[PDB]
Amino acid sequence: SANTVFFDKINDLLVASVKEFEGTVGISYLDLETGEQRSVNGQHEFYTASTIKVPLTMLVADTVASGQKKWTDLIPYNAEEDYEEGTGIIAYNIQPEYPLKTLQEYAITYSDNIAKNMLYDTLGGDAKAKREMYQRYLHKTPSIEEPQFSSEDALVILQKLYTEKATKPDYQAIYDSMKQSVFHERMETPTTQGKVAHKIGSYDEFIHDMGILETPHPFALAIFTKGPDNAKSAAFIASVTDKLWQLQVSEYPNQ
């Protein structure tokens, strides 16, 4: 009963919050210790933008585990297929090849677009990779041209990473790269700093973040938005994140 009281308070906060947002938003919260979730508009599908780099890296790790690739493998840069600007390290000091491990790191820590392209190449192309990650991790068929996630989808992916990193060091490495990511915004706030693993995503009107907040009783959170004002969208994510953090640290029910 005490749990339902607390989770109902989380729900009240989510409902109140989305009322304030000019645009479309989905929010999903997961209390990792109990498995209890609360969502508002948690099934609306949004263009993934860079959030897809998380399951991409998971798939790369799975592929290494299968024996088909090794972390030490040198992956060649293909100008004619891999070049992309925006976020990343590679574009701004291009090398002819990279260890697979390095790509894996850069795709998350620096949201590196070229790294992402080179990972898709390694996995047999983006259509194949997308089919595999969606089918295996979400039990869904993807749109290859315009892949989508709901906030609930994001929670399914985060839960898998969080559970399985206990026995999969390469998933722990992904998590750690999410903690070390260089974009100190959205779910990363003065309150959550040093205690958040997150993957931002941005494209035009799409502004997202998804992650795990390392409160004493930890929780997963996904906030996906589409709206006209990028600054407002990012500020909304940070605001809701801090409000949930405060509840989680101050009113968590005795079990």
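Numbering starts at 1 and runs along the sequence shown.
Of 76-84 and 131-139, the one with larger mean CA B-factor: Mean B over CA atoms: larger for 76-84.
Take the C-alpha B-factors listed in the entry for 103-111 and for 142-150, compute each mean, and give the stretch with the larger one. So the stretch with the higher mean C-alpha B-factor is 142-150.
In the PDB entry, which of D209, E45, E205, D31 has its C-alpha at the highest B-factor? Among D209, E45, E205, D31, the PDB entry lists the largest C-alpha B-factor for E205.
When the deposited Cα B-factors of this chain's modelled residues are ordered and cut into thirds, is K19 in the lowest, the middle or the highest one? For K19, whose C-alpha B-factor we compare with every modelled residue in the chain, the answer is the highest third.
Please say which third, lowest, middle or highest, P216 falls into when its CA temperature factor is compared across its chain. Within its chain, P216 is a highest-third residue by C-alpha B-factor, going by the deposited values.
Looking at the C-alpha B-factor of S181, is it in the lowest, middle or highest third of its chain? Top third by C-alpha B-factor.
In terms of the chain's CA B-factor thirds, is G67 lowest, middle or highest? Top third by C-alpha B-factor.
Comparing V240 with the other modelled residues of its chain, is its CA B-factor in the lowest, middle or highest third? Its C-alpha B-factor, which the entry lists for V240, ranks in the middle third among residues of this chain.
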